[PDB]
Structure formats: C-alpha cells, structure tokens
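In what follows, a single structure is set out as structure tokens and then discussed.
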Ligand SMILES: Oc1cc(-c2ccc(F)cc2)c(-c2ccc(F)cc2)nc1O
Ligand SMILES: [Mg+2]
Ligand SMILES: [Mn+2]
Ligand SMILES: [Mn+2]
C-alpha cells in the first residue's frame, strides 16, 4: 500500500488530549514530534495505556475496589489510581511527593506512572515492541527499590508484572491488549509498523 505519515496516524488515532500531552512532554525533554515521530507515537501509546489502566477503577463507600464502566460514577466514589504520567515535571513530582509524605511510602528516585490506592504502591507501566522479559529487566534495573511495581505490556498480548501480581482483572487488561493490537494493525495498514517496531532501543 501507500506509505502513510506517522503524524497523520497519531492525529487520527489518538484523542487530541493525549496528543497535546505528548507534544508537551516532548517539548519539555527537548525533542520535536515532527522529527522523532516513532517516539511521538510511542509516547501517545504509553500515555493511553496509563489512562486505560486507571479507567473505571474506583473505591466505594466501604473503602474497597470496584469497577464502574459507565460515565456516571456516584459521588462518594474515589478514583483508585492517581495518574502521574502526562503531568509536566514540576506537577508530577508535586503529586509524588504529596503521596509519599502522606503515606510514608518512600520517595521513588524516578517518576513512576501511577499510584494505586488499593495496593498502596507506585506502578511503572511499560509498553514494548520487543520481548516483555527483556524490557521488564531493563525497567527493573533503574529500580533497586523493589517497592515500585512494574507492569509490562507488549503489542502481541504478552505481559509481565512484578511477583506475577497483575493488579487488574482480565477484562481490564484485555481492553489494553485489544487497543495495542488495534494500534499495531492500523500502523501496519499504513506501512508504519515495521519501522516503529524496529526503532525501539534499550
Ligand atoms: O515507560 C515509559 C516510557 C517512555 C518512553 C520511552 C521511550 C520512548 F521512545 C517513548 C516513551 C516514557 C516517556 C514519556 C514521555 C516522554 F516525553 C518521554 C518518555 N515514559 C514512560 O513511563
Ligand atoms: Mg513522563
Ligand atoms: Mn512514566
Ligand atoms: Mn512507563
């Protein structure tokens, strides 16, 4: 088929909010979305996964965890996850330090992606175009902590998580996997997938 542009793909297939947050993150770290386009798409994909991981998960009146998949969460409910990824540097650390000083959970030395109020731990989300075990070890090596929980997804449906503790039910994780499959399939239709896959480094 005709070769599409990654710019077009990102703008067509991600919510404008996600795209805007990704552009802002790249600007902050000194890279141009129109030049490092595979990186741009990876940032959007990862941000979306972070959002999808948190979506629909609340804590109820009794203080335990439930899923409300409809946009009418009753007002006594609190979000189960705090989302860190997508915030600018200052705000991200502001949220992390808050959680930490408040819970006694010690401060991570690198920004994690989420905080889980049910399991009382930070989470690092990975999304990899390579094998999940190799990417898990890479993430883990920036952590000598042992406290930040790691959850890796690949575009082929494999996952790896710290202590084989997957945190979420099968259906929630399946939503994420389905979305990654869709992203892969659409990129492939535009002849962008091979390059995007091959461009991952570590
Ligand atoms: O797990 C993560 C991966 C990335 C990332 C690394 C390399 C890429 F090519 C793309 C994404 C990021 C990340 C998010 C925003 C940003 F500006 C840079 C890296 N975050 C994360 O939490
Ligand atoms: Mg970030
Ligand atoms: Mn992150
Ligand atoms: Mn991450």
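Every residue, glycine among them, receives a Cβ derived from its backbone with ideal geometry; neighbour counts consider all protein chains shown. Any read-out appearing in this document is the output of simple, stated calculations on the displayed coordinates, not a laboratory observation.
Miscellaneous remarks
- Output for region 76-92, where each listed residue is within 13 Å of ligand 2 (Cβ to nearest atom) and surrounded by 15 or more Cβ atoms within 10 Å (Cβ to Cβ): 83, 84, 85, 86, 87, 92
- Here residue 133 fulfils each of the conditions (1) more than 16 Å from ligand 4 (Cβ to nearest atom); (2) assigned to a loop (DSSP other than H, G, I, E, B); (3) farther than 30 Å from residue 16 by Cβ apart from (2).
- Residues being surrounded by 22 or more Cβ atoms within 10 Å (Cβ to Cβ) and within 8 Å of ligand 1 (Cβ to nearest atom) - total across region 26-44: 1
- If only residues of region 24-54 that are in a helix (DSSP H, G or I) and free of Cβ contacts under 8 Å to residues at least 12 places away in the same chain are counted, the one that is farthest from residue 127 (Cα to Cα) is 27.
- Considering region 93-122, and only residues there that are touching a helix residue (DSSP H, G or I) at 6+ places or on another chain (Cβ under 7 Å), more than 11 Å from ligand 2 (Cβ to nearest atom) and touching a residue at least 24 places away in the same chain (Cβ under 8 Å), the residue that is nearest to residue 64 (Cα to Cα) turns out to be 115.
- You will find that of 152, 90, 83, 125, the residue that is free of Cβ contacts under 8 Å to residues at least 60 places away in the same chain, closer than 25 Å to residue 20 by Cβ and within 14 Å of ligand 4 (Cβ to nearest atom) is 83 and no other.
- Those residues of region 141-188 which are under 20 Å from residue 15 (Cβ atoms), more than 18 Å from the chain's Cα centre (by Cα) and surrounded by fewer than 15 Cβ atoms within 10 Å (Cβ to Cβ), in sequence order: 185
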